[PDB]
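First, one chain by itself in structure tokens, the form deposited without the DNA.
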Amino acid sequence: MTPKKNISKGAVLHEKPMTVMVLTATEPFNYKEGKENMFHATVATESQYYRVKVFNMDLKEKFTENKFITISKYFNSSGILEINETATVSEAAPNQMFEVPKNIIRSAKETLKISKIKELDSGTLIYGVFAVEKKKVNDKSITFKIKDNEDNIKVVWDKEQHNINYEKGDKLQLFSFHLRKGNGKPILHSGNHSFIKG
């Protein structure tokens, strides 16, 4: 349970070595005061793409775009790969490299429509780029209203005493926001590793 530090629960250990190609990665950022920084990344095999959360800062150099890395002892939290100090992350061997299908790359950088987001299971982590229609700011949280051409949903953010400086008509890129579906209009909500980046 110390190999599983900073790892979301339910996450499954994968000793099975898998080589991926790095599509993108964010700048390292503080997600919890007193904790090591983390960054978000998007990777891809031939078959499909994965969203990745990395909690070992000693790996930032490794996570460069268009690079191929072989990972092992990584975790799987409901389709999301979580990498910590337990994992082995090395530069890939050439024979393990591959060509990533175009449709997979684009499906990785594609942003779902809000109306189709709303149909995903509650608890699903939501990534995407959305236009901002409306903003409400108070002391507990900031509530954005993001819009499509067809639909709008509310993205409420409670955690980092409002470091963010985005307003109406701007474009927000979201990371690891929780889709909450209950008795009422579904919302997107900030979680532990949730990250905004306009």
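When you see a residue number, it is the position in the sequence shown, counting from 1.
Averaged over their C-alpha atoms, the temperature factors of 156-164 and 60-68 are higher for 156-164.
Stretches compared: 135-143, 38-46. Higher mean C-alpha B-factor in the entry: 135-143.
Per the PDB record, residue ranking by Cα B-factor puts residue 83 in the lowest third of the chain.
When the modelled residues of the chain are ordered by C-alpha B-factor, residue 184 sits in the lowest third. Residue 3: CA B factor in the lowest third of modelled residues in this chain (values from the PDB entry). Residue 115 sits in the lowest third of its chain by CA B factor, as recorded in the PDB entry. Placement of the Cα temperature factor of residue 95 within the chain: middle third of the modelled residues, per the deposited record.
Keep in mind the form solved in complex with the DNA is missing from the figure; the text below concerns it.
Note on contacts: among 70, 64, 141, 173, the single residue with a heavy atom within 4.5 Å of the DNA in the deposited bound form is 141.
Comment: the DNA is not present in this chain, but in the deposited bound form one of 60, 168, 147, 136 has a heavy atom within 4.5 Å of it, namely 136. Contact annotation: residue 16 falls outside 4.5 Å of the DNA in the deposited bound form, judged by heavy atom distances. Within 4.5 Å of any heavy atom of the DNA in the deposited bound form lies no heavy atom of residue 101. The DNA is not shown here, but in the deposited bound form it comes within 4.5 Å of a heavy atom of residue 179. Contact check for residue 122: a heavy atom falls within 4.5 Å of the DNA in the deposited bound form.
Within 4.5 Å of the DNA in the deposited bound form, a heavy atom is found for not a single one of 28, 113 and 163. Of all the residues from 152-168, the single one having a non-hydrogen atom no more than 4.5 Å from the DNA in the deposited bound form is 154.
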